[PDB]
């Protein structure tokens, strides 16, 4: 079974491209990472940095999570990310996404021993 840490890697980690994220990127990635099976997941972010660099965020700037929990952390440096957002014309099972590349600070929720990212909260 998939651990919370593994689910985070599946949903949010893409170290393979630095930031080319073609116009096709989100359409392909949302599908391949199995985020279009139950429904079209409406919003998702992929981070183009090393797993070590993202895991390190759990020891960086402690900030409140959107849900009010205290276990969120903001990266000290900007990171290469791609936001995927479902279009209006997207109809399941043909999930369609707008691909947006940017360089922003990420905010992740961390849990466990080892203390690792388990949720992507925001980018700022």
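Numbering follows the first chain given and starts at 1.
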Average Cα temperature factor in the PDB entry - higher stretch of 66 to 74, 31 to 39: 31 to 39
Per the entry, higher mean C-alpha B factor between 6 to 14 and 112 to 120: 6 to 14
Which of 59, 80, 50, 45 ranks first by CA B-factor in the deposited coordinates: 80
Position of residue 106 among the chain's modelled residues by C-alpha B-factor, lowest, middle or highest third: middle
